[PDB]
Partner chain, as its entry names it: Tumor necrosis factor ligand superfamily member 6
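One chain follows as structure tokens, the form deposited without its partner chain.
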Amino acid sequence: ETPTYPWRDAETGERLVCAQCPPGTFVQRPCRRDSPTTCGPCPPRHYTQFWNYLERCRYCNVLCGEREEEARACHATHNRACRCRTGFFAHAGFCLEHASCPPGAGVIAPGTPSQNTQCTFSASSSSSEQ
């Protein structure tokens, strides 16, 4: 029940069924008559998430930037993923700032990396006071 793919041999040409490579690995060398598939590990900054017949690993193209922090790094199976830093939230792609709330009707729901701030007395206009 190990995943597979067909392949044709280099020396004269013979048709065979080569085993796929597990997540974390890539196809280093295909099958010969005697040996099956050679699976080598994904190099630094490169990943394979699935069972594959990839000649070389996928590059970790996701790079967190100014206002982004990591969620997963780039390992042999993960691709790097990003999320917004403490005082930021994601809107429409870009990662924008959390909204402050003045005195009056202060913060009822704090800013998550996912949503903006929702909002007796409040002394200050921050994104904290209740």
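Positions refer to the first chain, counted from 1. Rigid core here is just the name for the largest C-alpha set that superposes within 1.5 Å across the two forms.
Subject >> Farther-lying stretch by C-alpha RMS in 7 other deposited structures of this protein, rigid core as reference, of 24-32 and 42-50 >> reply: After the core superposition, the stretch with higher RMS deviation in 7 other deposited structures of this protein is 24-32.
Original post:
Which is farther from the shown form in 7 other deposited structures of this protein in C-alpha RMS with the core fitted, 93-101 or 73-81?
Top reply: It is 93-101 that deviates more in 7 other deposited structures of this protein.
Original post:
Unmodelled stretch from the deposited sequence between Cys119 and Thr120, which bin: none, 1 to 3, 4 to 9, 10 or more?
Top reply: Unresolved stretch here: 4 to 9 residues.
**OP:** Name the higher of the two by mean Cα B-factor in the PDB entry, 15-23 versus 102-110.
**Re:** In the deposited entry, the stretch with the higher C-alpha B-factor mean is 102-110.
**OP:** Decide which of the stretches 80-88 and 28-36 has the higher mean C-alpha B-factor, going by the entry.
**Re:** Per the deposited B-factors, the answer is 28-36.
**OP:** Consider only the C-alpha atoms of the modelled residues in this chain, order them by B-factor as the entry records it, and name the third containing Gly93: lowest, middle or highest.
**Re:** Highest third of the chain for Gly93's C-alpha B-factor.
**OP:** Determine, from the deposited record, the chain-internal third of the Cα B-factor for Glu68: lowest, middle or highest.
**Re:** It falls in the middle third of the chain.
One more form of this protein exists, namely the form deposited with its partner chain bound; it is left out here, but the text below deals with it.
**OP:** Using heavy atoms only and a 4.5 Å cut-off, determine which of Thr86, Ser35, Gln28, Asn61 is in contact with its partner chain in the bound PDB entry.
**Re:** Selected option: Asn61.
Original post:
Taking heavy atoms only, is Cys39 within 4.5 angstroms of its partner chain in the bound PDB entry?
Top reply: Heavy-atom contact with its partner chain at 4.5 Å: absent for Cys39.
Subject >> Proximity of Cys74 to its partner chain in the bound PDB entry, heavy atoms at 4.5 Å >> reply: Contact with its partner chain, no.
**OP:** Quick one: name the residues from 18-56 with any non-hydrogen atom within 4.5 angstroms of its partner chain in the bound PDB entry.
**Re:** If the 4.5 Å heavy-atom criterion is applied to its partner chain in the bound PDB entry, 18-56 yields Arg45, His46, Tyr47, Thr48, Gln49, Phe50, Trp51, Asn52, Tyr53, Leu54, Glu55.
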